[PDB]
J.: 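Please find one structure pasted underneath; my questions will follow.
What you see below is based on every heavy atom in this structure, not just the backbone, and it leaves out hydrogens, waters and symmetry mates. First the proteins, then the strands, lettered A, B, ... as listed; each starts at 1.
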Amino acid sequence: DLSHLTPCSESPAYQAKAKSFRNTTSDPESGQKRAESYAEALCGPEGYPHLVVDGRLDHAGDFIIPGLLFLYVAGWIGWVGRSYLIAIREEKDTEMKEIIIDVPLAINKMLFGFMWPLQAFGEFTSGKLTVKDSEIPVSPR
Amino acid sequence: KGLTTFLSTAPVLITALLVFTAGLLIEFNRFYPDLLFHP
Amino acid sequence: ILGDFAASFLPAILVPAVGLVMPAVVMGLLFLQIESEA
Amino acid sequence: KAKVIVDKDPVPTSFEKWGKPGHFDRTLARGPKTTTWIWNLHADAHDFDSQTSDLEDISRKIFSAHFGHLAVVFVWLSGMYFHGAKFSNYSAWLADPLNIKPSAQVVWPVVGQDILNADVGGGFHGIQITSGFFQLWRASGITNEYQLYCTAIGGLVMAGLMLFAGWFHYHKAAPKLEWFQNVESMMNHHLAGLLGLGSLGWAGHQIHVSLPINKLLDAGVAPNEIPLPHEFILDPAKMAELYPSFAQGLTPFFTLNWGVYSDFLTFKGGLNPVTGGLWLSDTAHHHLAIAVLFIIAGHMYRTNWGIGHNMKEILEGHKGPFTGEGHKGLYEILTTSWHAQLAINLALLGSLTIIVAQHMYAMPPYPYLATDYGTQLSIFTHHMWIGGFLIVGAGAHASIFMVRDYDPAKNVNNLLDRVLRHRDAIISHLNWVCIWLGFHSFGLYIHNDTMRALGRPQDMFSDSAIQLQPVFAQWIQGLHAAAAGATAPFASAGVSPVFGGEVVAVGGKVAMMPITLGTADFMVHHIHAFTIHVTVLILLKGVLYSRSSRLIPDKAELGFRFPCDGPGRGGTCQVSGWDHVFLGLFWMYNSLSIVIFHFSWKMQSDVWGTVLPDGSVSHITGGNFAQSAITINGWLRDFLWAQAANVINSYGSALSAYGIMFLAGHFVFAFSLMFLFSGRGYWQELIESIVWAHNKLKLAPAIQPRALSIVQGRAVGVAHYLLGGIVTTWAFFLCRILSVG
Amino acid sequence: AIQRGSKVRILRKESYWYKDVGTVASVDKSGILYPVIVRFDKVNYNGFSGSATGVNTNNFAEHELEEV
Amino acid sequence: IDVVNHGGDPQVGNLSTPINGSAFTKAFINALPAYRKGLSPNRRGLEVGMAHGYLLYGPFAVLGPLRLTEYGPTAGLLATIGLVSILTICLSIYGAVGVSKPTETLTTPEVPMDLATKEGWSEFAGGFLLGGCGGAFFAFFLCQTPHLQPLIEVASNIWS
Amino acid sequence: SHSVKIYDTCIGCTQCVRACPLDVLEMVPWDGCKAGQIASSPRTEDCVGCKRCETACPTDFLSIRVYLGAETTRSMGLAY
Amino acid sequence: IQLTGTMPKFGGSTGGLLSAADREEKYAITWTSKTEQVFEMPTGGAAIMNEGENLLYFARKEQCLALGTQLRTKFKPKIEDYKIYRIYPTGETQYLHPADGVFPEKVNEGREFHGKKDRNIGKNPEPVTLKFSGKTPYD
Ligand code: CLA
Ligand code: CLA
Ligand code: CLA
Ligand code: CLA
């Protein structure tokens, strides 16, 4: 239940720090906005917010939402890269547009890269995502 | 015509991509600063 | 400086023997061993 | 003999080659089959000799690339003047230069970097700059930011003009090969026309602009009631009310009555007590004297009219018994090889930049330069680093000359042939003097560590202990302190307060003190000589053994830049001339780091500090160079541990970017050792393991991933090593001196 | 079945393109040990350090191959 | 006029410079105890050891842990004796391994044939021992008997 | 002395012999190649081990292969 | 045998013969030229190929073939007629580089198979087979 971690509003070390939060942007009340926004976290004896990473809810915003957001964005980047790499193979001049990127193909790969997990599941169930161990270069033992 | 091929090279496009990504992150942390976690 | 332990004169003999005398002997003997022909 | 002949439109201006990388090399044009193509694209982009075999095309490329480099430098200079004009407190600094720090860069508040805007005075928040631009503009007579804005606009116009000239001299009217071979005209126009006319124009500016504006500034007039420099020329009455020898015209110049110009052309010598800089009358007189001397020297060489020298009969006549044939072949060497010219020019520019560093600290040329310790420390450190880099590049290009441009047919029994013939006697005696200097410069420190550790303070090499007083340098200091009035009878004071005299102090801080030399100075100067000698040993060993050795006799066919000849002959690793530059970069790092450490400790302990009202000087550290700069533990404790208390406690303050850069340089130094220690065959096998995992998911790249080559691995390691160490020392120096200075 | 232009997979373990598919440039009919010249899309490691080029063909035997 | 010539054979890796082999360095190197024509071993070694033992009572007598103490000259003598003994052990084991004929250079066209054998290098080592002990003791006696001898005050005021 | 071994996957391109700096290698006639020749290493006691022959070999894995073994005064390449 | 040759006009260097050349072995290269030109020694510096036949001594075989490569390539008269010998201090001379009289890159009858394996390099025995014996897996 994390009795050692108190909420930052009830913690009497966070309230001493929260007066002297510096402004980060040009907004004059940015320190006060940070102070009110970090009060819902858990603070230790230092008076600083802590993040609990075990997938629980009311602390899913620490890791689960940023983690799923990164997984979507990184899957977007990797899937668009893999799609471009596959698309530039079977047209007999691949190093030149590996080094000088074909922009009209890359734009069509990028803007249609939002549906990366559906295409990933389709290629996984279709077997066209993973190359079989026979048709692949392997170093000598 | 030969200029668009130079702009389609890997360093020019990676520089444009990194400047666009850094600008997007900087413009996000200006308007919405101090996001340690999702509330 | 001699110590309060028993036989305090033995550091005054063994330490120069193990630090100067027998390393000179071992390097001379090993030099003759590793540099002799046949 | 010297005429202008060009080819009209030799290279068309088209963008078709912009989209075809690797066009300059035949091997780079087949296409990127491996990732080594990408690194070879940048490694051989400027090597114009490997691109074309015709020296005329190489010289044309070099001449047109110089204009692009000058355009880049002019963009940089215009950016600095624009930052002074728009984002600086220069107008605030001119009012109160003793309590307002120079700042010329504000930091945008998007994250918590708004703390990096230091409170420097006058209601201005920004980064305290240490470049010395503010003192330079005060010595230039610049009073308002509009004069900086005009100079920034002029810098942009000049940068565009240099870009247009670079396009013009490669695509519209490109000079022939014999336009470059007549170095007689080139050197005459660089001595008289560039250095001579440039210093004459600056002497005229310092007569007409810098001297009246700076005399009104030192007299106590605020800069916004100080008249602009053009009514000093338009109205000579205001110019002649101060320094009243402008009442008479230019006729005493032409009747050789130069003595009446003595009020504004002085030879005072010392420092200005008001500002702490050199007298601007001394600088104007100096620029006039060297302008006349350079213009005279620019009439030495025969160009078109019979009078003059040809720089060959000078070389032909210089021959002795120990050499025989002499300098025959050297004119053809320096007029057919660009690399020999770069090796000479880069060595002299590096030693020149080191001279600039060693001179501007002792004779500060600018008002309130010695008062701001951060500016003085930064310009000394920066010019030492630039100078040492240029010297190592000179060793590099001498090595490139020896395998790519040296011809044994033109060099029989001359100086270069005989240097190659007794290179073993050169390198072995240099090796001996390096070993001797290492023992009798570093073993003194080791002995001092041992006797200070063993409780033997009387057995050390100290001032209280066995003394090692530098009697020759002290004798030379005594000669310079007594030089004014005895051997320089028309100097008011010495050239610098370093050699003797009194404490020159401005405000409450010391401008300069006498710098007494003791046992610690002797020992650290011998370490300086030792490290310089080892850098000379590695670079000169790379030069002399560039073509051949007892190990690899056919080493010129392998080239300048090759990794090794193989594991044979015991293993011929790092045999090339490039790898000696690679090791000499580490040794210039070591040398110049010890130089700037000696500077940053000696000046902080014995020169810099505050002046008590009683008259004594309380220094920054407290004069601990006499007793702690004789031990490595003293250098670790009283210099590295003690003075880095500012860079590590800088977090949450205005100098926290320096602590960040301190840690960042530590990271890059540690990151270098992955490339320096490991080898290519580990990483190629690791990339082979990664390629299969990419092949498993159809992620095979068309350009096959290779590990970095052995020379590129060494280059990446040494570049990261130098970057991480230099950034660390920059951060440590600047955060220390922005807290104690 | 080994003829010029047929795509074929390498069975030499030590080859760079072990279990990789390349085309046949020529097959020699004389009595030599490795008559099948096979050219590949990728390039070998071969070359000096820093060399951007490498070989992409080699001779192979009949038993060192399989037709796809 | 080439003052820097070869030794008569250009393809040998050496040069006959003024310092190397001109007129005054061929003599005085051929006339040192090593390379002198008429001397036997245990006489070359005697002369070399006497010179070495005499010179080595300079950085032990006034440069040591006891140099501020009246036992300082005696400790310097003992240290010189110990260094001469270590060097004699080094010479003895160098000979006992087996020596070749010494290197002939431009300065020394004739090297001592008597030092090309193990028996000659044993005589050289014994002569070095006796010479080193004699030279160290002679320098000790000369430095000790006036008990101040203000030439020792020079280079000890320097090595304070 | 090093062991320079030439294997039967040799195309007889003679690049190893021209790349060899100490005349270790030569060409002998051979019926098992299209070029009609194979490399041989008779005076392999002169091999320093530089592997310039292994650098110049155009086979997928090298038909000429240097094994660094016992070190002599010629394998070290010592002028002294 | 006995090496009839005159030495090129060289000023003498420090990279030449050391003490082991007169005690262990030294090497020689003799070559005939019909013109006088300038060459670079592996010793260091430049020397003069005088008219006629030349004899040079070196401390290594690699220095002699580094000279022979400079005699073959990079010269317009294209000198191939060079012979390399080994001289032991006993006096014996062994004729080394053009043993058949033809260069090794050109095939010649009368040369036998040295170091030739009638097996693929991948078809080599494992070291675990050859444990505790003098035989190494490349035999
Ligand atoms: C299409 C691009 C792509 C894809 C999807 C993959 C995917 C893979 N890589 Mg990666 N990688 C790539 C490019 C790519 N990589 C490049 C450019 C580099 C060189 C820096 C590497 C070097 C590399 C290493 C060293 C390792 C991986 C690993 C892996 C695996 C785990 C993911 C990971 O660790 O990411 C790590 C990703 C990086 C370190 C760099 C990725 C760079 C960007 C994000 C790639 C996408 C941008 C691309 C340049 C342009 C897209 C094309 C566009 C024009 C449409 C996974 C199979 C690991 C593995 O084997 O796990 C099984 C492994 O150890 N990769
Ligand atoms: C990486 C290159 C680099 C960088 C970024 C800088 C940057 C800096 N330099 Mg520097 N410099 C360098 C290399 C570098 N320099 C080299 C290679 C030299 C040797 C020529 C110098 C010599 C130099 C001097 C002498 C001074 C600077 C100063 C400056 C500072 C202000 C710049 C300015 O406007 O000064 C403007 C300064 C001047 C115009 C005076 C320079 C006039 C010199 C004496 C004439 C040189 C003529 C010619 C170009 C060289 C010919 C060489 C000859 C042997 C043939 C700044 C920190 C100044 C400084 O520290 O002020 C606080 C300063 O006075 N530098
Ligand atoms: C007047 C100055 C001068 C000039 C123009 C030359 C000219 C040249 N040099 Mg160089 N050289 C010099 C100074 C000079 N150099 C100095 C100062 C060094 C000492 C370090 C050397 C050492 C040297 C060697 C060792 C070699 C050359 C070679 C080259 C040639 C091609 C360069 C190329 O294409 O590489 C372009 C490569 C780069 C631009 C990469 C540089 C990467 C650096 C480390 C980064 C810059 C530092 C920066 C502040 C880091 C910021 C990090 C941040 C972005 C994150 C060309 C003849 C090469 C050659 O001729 O090959 C046969 C060669 O191998 N140079
Ligand atoms: C602390 C680190 C360190 C040390 C000890 C050395 C040591 C050496 N370097 Mg250096 N170097 C280093 C790091 C180091 N380097 C690294 C990082 C690189 C960069 C890549 C190299 C690469 C390098 C090159 C490229 C060269 C050297 C050379 C030298 C030698 C200079 C001659 C000298 O000073 O002799 C005196 C020795 C010392 C000062 C070391 C301290 C020894 C003390 C004073 C004496 C103590 C001995 C002790 C009493 C013995 C009795 C103990 C008993 C139990 C055995 C010396 C052996 C140069 C060389 O060999 O030519 C001369 C040279 O060419 N260095």
J.: Which of these passes side-chain contact (heavy atoms from CB on, under 4.5 Å) with A:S11: A:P45, A:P49, A:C43?
T.: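 One option only clears the test, and that one is A:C43.
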J.: Considering only heavy atoms, give the residues of residues 14-31 of chain B separated from chain A by less than 4.5 Å, sorted numerically, with 'none' for an empty result.
T.: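 Residues in range: B:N29, B:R30.
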J.: Under a 4.0 Å threshold between the charged nitrogen and the carboxylate oxygen, would A:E91 count as salt-bridged to A:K97?
T.: yes
J.: Take A:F63 and A:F70 through the test ring pair (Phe, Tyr, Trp, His ring centres under 6.0 Å) and record every step on the way to the result.
T.: CA-CA 10 Å; A:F63 198 65; A:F70 175 74; over 10 Å; no
J.: Heavy-atom distance under 4.5 Å to chain B: side chain of A:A41, backbone, both or neither?
T.: both
J.: Going by heavy atoms in the side chains, are A:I100 and B:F6 under 4.5 Å from each other?
T.: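 Contact flag for A:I100/B:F6 side chains = no.
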J.: Find out whether A:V80 and A:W116 are in side-chain contact, i.e. whether some heavy atom of one side chain is under 4.5 Å from a heavy atom of the other.
T.: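 No, their side chains stay 4.5 Å or more apart.
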J.: Taking side chain as everything from C-beta outward and backbone as N, CA, C, O, which of these in B:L35 sits under 4.5 Å from a heavy atom of chain A? Side chain, backbone, both or neither.
T.: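 Only the backbone of B:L35 comes within 4.5 Å of chain A.
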J.: Select one option (side chain, backbone, both, neither) describing which atoms of A:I101 are under 4.5 Å from chain B's heavy atoms.
T.: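 When you check distances to chain B, atoms from both the backbone and side chain of A:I101 fall under 4.5 Å.
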J.: With a 4.5 Å cut-off on side-chain heavy atoms, are A:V103 and A:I107 touching?
T.: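 Heavy-atom side-chain distance check passes, below 4.5 Å.
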J.: Can you say whether B:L36 sits under 4.5 Å from chain A via the side chain, the backbone, both, or neither, judging by heavy atoms?
T.: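 Its backbone and side chain both get close to chain A.
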J.: Just verifying a value: how many Å separate A:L2 CG and A:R56 CZ, rounded to the nearest 0.5 Å?
T.: 5.0 Å
J.: Counting only heavy atoms closer than 4.5 Å, note whether A:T24 contacts chain B via side chain, backbone, both or neither.
T.: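 For A:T24, side-chain heavy atoms alone lie under 4.5 Å from chain B.
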J.: Look at A:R89 together with A:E98 and state whether they make a salt bridge at an N to O cut-off of under 4.0 Å.
T.: no
